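Peer 1: Contents are mmCIF, C-alpha atoms; file name entry22.cif:
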```
data_entry
loop_
_atom_site.label_atom_id
_atom_site.label_comp_id
_atom_site.auth_asym_id
_atom_site.auth_seq_id
_atom_site.Cartn_x
_atom_site.Cartn_y
_atom_site.Cartn_z
CA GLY V 1 125.91 43.06 180.28
CA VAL V 2 123.78 43.76 183.38
CA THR V 3 120.08 44.68 183.40
CA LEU V 4 117.58 45.80 186.05
CA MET V 5 114.11 44.80 187.23
CA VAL V 6 112.33 47.27 189.49
CA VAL V 7 109.34 46.40 191.66
CA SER V 8 107.14 48.80 193.60
CA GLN V 9 103.61 49.39 194.80
CA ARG V 10 103.40 53.19 195.05
CA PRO V 11 105.08 54.34 191.85
CA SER V 12 104.43 58.02 192.41
CA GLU V 13 107.03 58.19 195.18
CA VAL V 14 109.74 56.60 193.06
CA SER V 15 112.56 58.04 190.97
CA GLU V 16 111.52 59.62 187.69
CA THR V 17 114.74 58.46 186.06
CA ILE V 18 114.67 54.77 186.97
CA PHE V 19 111.42 54.19 185.10
CA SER V 20 111.90 56.27 181.98
CA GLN V 21 114.78 53.97 181.08
CA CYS V 22 112.41 50.99 181.27
CA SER V 23 111.49 49.66 177.86
CA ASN V 24 108.66 47.30 178.91
CA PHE V 25 105.84 47.59 181.44
CA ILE V 26 103.72 45.05 183.29
CA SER V 27 100.76 46.62 185.04
CA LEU V 28 98.74 44.67 187.56
CA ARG V 29 95.87 46.02 189.62
CA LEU V 30 96.15 49.63 190.72
CA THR V 31 93.46 51.61 192.54
CA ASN V 32 94.85 54.81 194.03
CA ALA V 33 93.98 57.61 191.65
CA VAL V 34 97.18 59.66 191.66
CA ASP V 35 99.00 56.44 190.85
CA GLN V 36 96.72 55.96 187.86
CA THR V 37 97.51 59.46 186.66
CA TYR V 38 101.26 58.99 186.95
CA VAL V 39 101.36 55.54 185.37
CA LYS V 40 99.08 56.72 182.59
CA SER V 41 101.29 59.70 181.83
CA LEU V 42 104.61 57.89 181.80
CA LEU V 43 103.19 55.17 179.61
CA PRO V 44 102.46 56.30 176.06
CA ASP V 45 99.74 54.24 174.39
CA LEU V 46 97.07 54.71 177.05
CA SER V 47 93.80 56.43 176.30
CA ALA V 48 90.86 56.54 178.71
CA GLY V 49 89.89 52.90 178.27
CA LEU V 50 93.30 51.37 178.92
CA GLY V 51 93.09 53.21 182.21
CA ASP V 52 89.53 52.09 182.85
CA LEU V 53 90.92 48.56 182.67
CA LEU V 54 93.49 48.83 185.45
CA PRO V 55 91.14 49.11 188.43
CA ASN V 56 88.95 46.15 187.50
CA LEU V 57 91.52 43.45 186.80
CA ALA V 58 91.15 40.14 188.57
CA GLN V 59 93.58 38.31 190.80
CA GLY V 60 96.27 36.77 188.63
CA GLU V 61 95.77 38.95 185.58
CA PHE V 62 98.00 41.63 184.11
CA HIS A 1 59.47 65.35 189.58
CA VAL A 2 58.03 66.37 186.22
CA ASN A 3 55.32 61.31 187.47
CA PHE A 4 58.39 60.73 189.62
CA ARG A 5 61.87 59.58 188.67
CA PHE A 6 64.48 58.10 190.99
CA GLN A 7 68.09 57.54 189.90
CA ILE A 8 70.90 55.67 191.61
CA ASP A 9 74.44 55.63 190.28
CA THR A 10 76.77 52.76 191.07
CA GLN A 11 80.30 51.51 190.54
CA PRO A 12 81.07 47.80 190.33
CA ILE A 13 83.38 46.03 192.74
CA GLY A 14 82.87 42.30 192.78
CA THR A 15 81.39 39.12 191.36
CA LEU A 16 79.41 36.82 193.65
CA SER A 17 78.88 33.29 192.41
CA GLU A 18 76.09 30.95 193.37
CA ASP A 19 78.26 28.58 195.40
CA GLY A 20 79.04 31.56 197.62
CA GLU A 21 82.51 32.86 196.85
CA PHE A 22 83.60 36.46 196.25
CA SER A 23 86.06 36.92 193.40
CA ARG A 24 87.14 40.54 193.30
CA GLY A 25 87.05 42.10 189.86
CA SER A 26 84.23 41.96 187.33
CA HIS A 27 85.12 41.51 183.67
CA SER A 28 81.46 41.01 182.78
CA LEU A 29 78.86 43.58 181.80
CA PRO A 30 75.17 43.59 182.73
CA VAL A 31 72.57 44.06 180.03
CA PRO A 32 69.58 46.39 180.38
CA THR A 33 66.06 45.25 181.10
CA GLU A 34 67.66 43.34 183.96
CA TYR A 35 66.90 43.40 187.64
CA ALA A 36 68.49 44.63 190.85
CA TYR A 37 68.25 43.75 194.52
CA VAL A 38 69.15 44.99 197.99
CA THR A 39 71.87 43.45 200.12
CA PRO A 40 70.52 41.11 202.79
#
```
Any chance you could give the structure as structure tokens?
Peer 2:
Amino acid sequence: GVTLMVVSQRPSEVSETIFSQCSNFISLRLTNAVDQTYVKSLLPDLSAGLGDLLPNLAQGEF
Amino acid sequence: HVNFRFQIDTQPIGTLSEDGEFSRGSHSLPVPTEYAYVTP
């Protein structure tokens, strides 16, 4: 009966196990490359374009 | 040099309106045959 909600800003240096059990993802703006790599890997349905969209989002979008 | 050819690559950052703001992030796309300018 209890659920989590994790928030971070540098997801590379975060536990591999706490994400993988997350069933939904909200991605706002991310710039640092290594972070793009990691968040692209973990997240399945992400080809090159869905990654080319992260670093150009506006303020308030997601 | 073959006349000459000069190339400049670029990566977009922002969108500057006419009123004079600076909204980060550019969801637009420029079309060819269109002009460029230097930063005053």
Peer 1: Rounded to one decimal, what separation in Å do you get between CA of residue 42 in chain V and CA of residue 54 in chain V?
Peer 2: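 One can read the CA of residue 42 in chain V to CA of residue 54 in chain V distance as 14.8 Å.
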Peer 1: Using all atoms listed in the file, find all polymer residues with an atom at most 12 Å away from the point (95.8, 51.5, 191.5); report them as a PyMOL selection string.
Peer 2: chain V and resi 8-12+27-40+51-57
Peer 1: Show me, as CSV, the residues of chain A having an atom within 10 Å of chain V, each with the closest atom pair and its distance in Å, using all atoms listed in the file.
Peer 2:
```
residue,atom,partner,partner_atom,distance
A:12,CA,V:56,CA,8.5
A:13,CA,V:56,CA,7.6
A:14,CA,V:56,CA,8.9
A:23,CA,V:58,CA,7.7
A:24,CA,V:58,CA,6.2
A:25,CA,V:58,CA,4.7
A:26,CA,V:56,CA,6.3
A:27,CA,V:56,CA,7.1
```
Peer 1: Find the residue from V:3, V:41, V:62, V:46 that sits nearest to residue 21 in chain V; use only C-alpha atoms when measuring.
Peer 2: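 Ranked by minimum distance to residue 21 in chain V, first place goes to V:3.
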Peer 1: Taking the file above as input, evaluate the PyMOL selection byres ((chain A and resi 31-39) around 12) and report the hits as a list in words.
Peer 2: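 Those residues are residues 8, 10, 16, 28, 29, 30 and 40 of chain A.
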Peer 1: Report, in Å to a single decimal, how far apart CA of residue 18 in chain V and CA of residue 44 in chain V are.
Peer 2: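 Distance reported for this atom pair: 16.4 Å.
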Peer 1: Between CA of residue 22 in chain V and CA of residue 47 in chain V, what is the distance, to one decimal in Å?
Peer 2: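 Separation between CA of residue 22 in chain V and CA of residue 47 in chain V: 20.0 Å.
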Peer 1: Let me have the centre and edge lengths in Å, one decimal, of the box along x, y and z around every listed atom of range 9-16 of chain A with 5 Å of margin on each side, as AutoDock Vina command-line options.
Peer 2:
```
--center_x 78.9 --center_y 46.2 --center_z 192.0 --size_x 18.9 --size_y 28.8 --size_z 13.4
```
